[PDB]
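Using ideal geometry, Cβ is built from the backbone for each residue, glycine included, and neighbour counts are taken over all protein chains shown. Readers should treat all values here as calculations from the given coordinates under stated rules, not as data from a laboratory.
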Amino acid sequence: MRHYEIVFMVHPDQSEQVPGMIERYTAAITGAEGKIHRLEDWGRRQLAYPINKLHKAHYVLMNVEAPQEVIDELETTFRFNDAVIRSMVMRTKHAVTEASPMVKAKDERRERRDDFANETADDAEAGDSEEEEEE
Amino acid sequence: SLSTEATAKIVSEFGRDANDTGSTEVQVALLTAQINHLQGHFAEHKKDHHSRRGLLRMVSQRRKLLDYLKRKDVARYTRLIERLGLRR
Amino acid sequence: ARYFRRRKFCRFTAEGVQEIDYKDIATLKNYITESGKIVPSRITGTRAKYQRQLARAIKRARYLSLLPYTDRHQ
Amino acid sequence: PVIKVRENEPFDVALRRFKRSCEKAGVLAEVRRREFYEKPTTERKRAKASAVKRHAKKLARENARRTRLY
Amino acid sequence: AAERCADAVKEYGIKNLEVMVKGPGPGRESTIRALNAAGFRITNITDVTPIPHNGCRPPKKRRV
RNA sequence: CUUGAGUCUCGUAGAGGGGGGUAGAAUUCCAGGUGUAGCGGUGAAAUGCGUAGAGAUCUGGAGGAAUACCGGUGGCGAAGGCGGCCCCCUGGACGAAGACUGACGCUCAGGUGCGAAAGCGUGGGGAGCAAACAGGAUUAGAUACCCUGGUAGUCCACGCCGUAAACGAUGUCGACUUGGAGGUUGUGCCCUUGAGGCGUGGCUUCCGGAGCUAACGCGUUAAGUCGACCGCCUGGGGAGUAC
C-alpha cells in the first residue's frame, strides 16, 4: 500500500459536524489494513465566489497510510457529496510524526488567510486537537 | 508505459541468461506489452502526438527486431508473432 | 578534527532530493512577504534545487486557499 | 501609490522611491507588452550606448588621478 | 480636489482621517498634503490598489 | 564477439504531452445604499460616460479569459513550443547499481506524423483588447499617429489549406580529438575534505590554444579533420507570378 493525504471542505455551519464524516472515512481506511497517522483541521477559509450563496467555507486535512484504491474511492466520495463541497486528494504523501502540528496553521488561518466571518470555536471542533504544549 | 509483472512473466521462462531482458524475442515481447498500454492510451488521446510518436518508435524497433529474428530463421520470427497475438 | 557547521539542506547529498511539502502552511508563511509574493533562494536559506521545490509548494497552498497571496482578502 | 507605512501622515517627506503600484514598479514587467526573450537586457546596452564622450571623460579623469605621478 | 473634499464633509463633524489611495495617477501625496492643510488630522496612509495573480488582459492607452 | 546498436530492472529531475477537474486573485460590468454633479480622454481634446442620480466610496450580484512572485544562459519538448492548485493517463529525458542481448547498426530521396500566429467551417462563448464597421480629433495635408465605442477574431470542445524573423542562423549519424572559466543536475563514497567536496554521468553558457576566418569572428558542439548518406544554391528583375 501507499502513503496518502486528503483535503476536503464543508460549510462553516458544518465545521463541528465534520468529525462525523471523518469517522466514516477513517473506518473505510482502517477497514483496508490502513492506519491514520494524523488528523488535522485547516479551519475557515475565504472564497473569491459564494458557494450556495455564502462567501466562506471550512477546510480539513487527513494524513494516512491506506491502499490507493480507498483514496481513489474517497476522492470520488467527496466529489459525489453535496455537503462535502470541494476536495483535493494527493498521491504519495504522509503525516507528520508531530502531535498538535496543525495548531500553528489554525493560527495562520484566523490571522491573515480568512476574512474571519465565523467564530474560531466551531471550526476548531474538527481535526487535530490544539494541545499547545506539544507544538 | 509497461507493467513490471508482464516483463517479469516474459523472462520467467524466456531469455538466454540470468537477468536476461535482452534476447531477441524478449525485447519484442516487452515492446508488445509496452505497445498494448500505449495503443489503449492513444485510442482515447487522439491529439496526444507525443504518445503518437512514441508508439511509432516502438512498432518500428519491434519490426526491426522481428526482422532480426526472421534473418536468423523465418519460422522463429512467425512463432514470435504467434505467441504475441499481432494482426488478424 | 572532523565535522563543520552546516547550512539548511547543506553538507549532505540525500536531503531536499524530492520536494519541500505544502501541508506545513505555517512553515510556508516564513517564505512569503506581507503582499503574498515568493522570496528567492538567498532568503529561504536554501540553494537552487530546494528553492524551485519550495516555490511549487508555496504556489500549491495559496491556490488551495491555505496560504496568504496578497495583503487583501474579501 | 502610497504603500503601507509605520509613518505619521507622510506627504511632506518627498518619498517616490518605493511609492508606486505600477509606476516604475515590479508588476510593469508583464503589464501592457509582449513577451520578449532578448529585449529586456538588449535595451540596457542600447540605452547606455550613445553618451560616449561623457563616459570616456570620467574614465580619463580616473586614469590620470590613479597614478601618483603628478 | 483634496481641499474641496475637506470642505465637502465639514458638517458631519469629522476631523480625523486615515487615507486610502488607488489608481496610477499622481494625486497620491500633494492631495494628502493639502488635505491635512485643510484642517483635518491624518494618522495613516495605506494603499488599496488591487494587484493580481496574473489576472486578465490590461486596457490599452497609446496602443501599449 | 561486444565495443556500435538494442532491452528491462532500478535511482531520479523536469513549465514535455493528452483527457478531465480546480482556487484565489485580477481586468470588466451592473444595481442599490451613502453621496451629489460630476465622470472620462489626448499632443489637443473631441468622440465617449452623467445629472432621467453617475464617477467615487460601501455592500450585493454577473461574465469570460489568464496565472504576478518564484526564475536560473535553469529544467523540459518531436518540432511548433511548454510556468497557479487536484486526479488519471502518458511521451521523452536524466542516473548510483544490476545485468542482458549479440552489429540486432547508421543515413535517407520518396513516405508518415506534428507544425507559433493570422484566418475559418462546426457547436459553445463574448471579460479584455480590437481587424471590420461606426463615431472623433490634429495639421498646410492625415485615408494615420491620438481617442471613444466595438462585432468578428482570440478562448472552450471538434474539424480545415499550412505557413513564419518555424533567426534558437550552422542537415542527420559516427569517429577523431585544445584548455580554461561559469551555470544546472542525477549520484556513490568521505576528513561527507570548508563551503559539501570529490569522483562520475547528462545538459547547457561563455571564454579560448591549434585549426578554420572576404569579414564578423567562429573555434572539439570546430566557421576543425576524416567517412557514409541526404537537402539547398548557381547573377538581378520578370516570379511561387504566369500556365
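Quick notes on this structure:
- Considering residues of the stretch C:21-74 that are basic (K, R) and over 28 Å from E:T46 (Cα atoms) only, the residue nearest to the other protein chains (Cβ to nearest Cβ): C:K23
For every residue, the table says whether it meets (1) within 23 Å of E:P58 (Cα to Cα); (2) of a type in the set (F, W, Y); (3) exposed (fewer than 10 other Cβ atoms within 10 Å of the Cβ).
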residue	(1), (2), (3)
D:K4	no, no, no
D:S21	yes, no, no
D:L28	yes, no, no
D:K39	yes, no, no
D:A51	no, no, yes
D:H55	no, no, no
D:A60	no, no, no
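- Test result for A:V60, within 14 Å of chain C (Cβ to nearest Cβ), in a strand (DSSP E or B), near RNA strand F (Cβ under 8 Å from one of its atoms) and under 18 Å from C:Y22 (Cα atoms): no
- Residue in the stretch B:35-47 that is closer than 25 Å to B:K72 by Cα and assigned to a helix (DSSP H, G or I) present: yes
- Evaluation of A:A48 against (1) surrounded by 14 or more Cβ atoms within 10 Å (Cβ to Cβ); (2) at the interface with chain C (Cβ under 10 Å from one of its Cβ atoms); (3) without any contact (Cβ under 8 Å) to a residue 24 or more places away in the chain (one fails), failing number: (1)
- Pair list, Cβ under 8 Å, 6 or more apart: the stretch D:18-34 residue within 7 Å of chain E (Cβ to nearest Cβ), other residue not in a loop (DSSP other than H, G, I, E, B): D:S21/D:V27; D:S21/E:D47; D:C22/D:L28
- Pair list, Cβ under 6 Å, 6 or more apart: the stretch B:62-76 residue under 24 Å from B:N36 (Cα atoms), other residue of a type in the set (D, E, K, R): B:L69/B:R76
- Elements of type helices (runs of 4 or more DSSP H) contained in the stretch C:7-74, each with 1 or more residues being within 6 Å of RNA strand F (Cβ to nearest atom): C:41-44, C:48-63
- Restricting the stretch A:64-95 to residues that are assigned to a loop (DSSP other than H, G, I, E, B), within 14 Å of chain C (Cβ to nearest Cβ) and touching a strand residue (DSSP E or B) at 6+ places or on another chain (Cβ under 6 Å), the residue that is surrounded by the most Cβ atoms within 10 Å (Cβ to Cβ): A:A95
- Qualifying residue in the stretch B:54-71 (condition: part of a loop (DSSP other than H, G, I, E, B), more than 6 Å from RNA strand F (Cβ to nearest atom) and more than 14 Å from chain A (Cβ to nearest Cβ)): yes
- Counting the residues of the stretch B:68-88 that are small (G, A, S) and farther than 14 Å from B:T32 by Cβ gives 1.
- Cβ-Cβ contacts under 9 Å between residues 6 or more apart (or on different chains), taken from a first residue in the stretch C:54-74 that is at positive phi to a second residue that is in a loop (DSSP other than H, G, I, E, B) and within 6 Å of RNA strand F (Cβ to nearest atom), are listed as C:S65/A:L47; C:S65/A:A48.
- Restricting attention to the stretch A:27-57, the residues that are among the aromatic types (F, W, Y) and more than 8 Å from RNA strand F (Cβ to nearest atom) add up to 1.
- Counting only residues that are closer than 19 Å to B:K64 by Cβ and within 6 Å of RNA strand F (Cβ to nearest atom), the stretch B:17-51 holds 9 of them.
- For the stretch E:29-38, the condition holds for no residue, the condition being that it is in a strand (DSSP E or B) and facing chain D (nearest Cβ under 9 Å).
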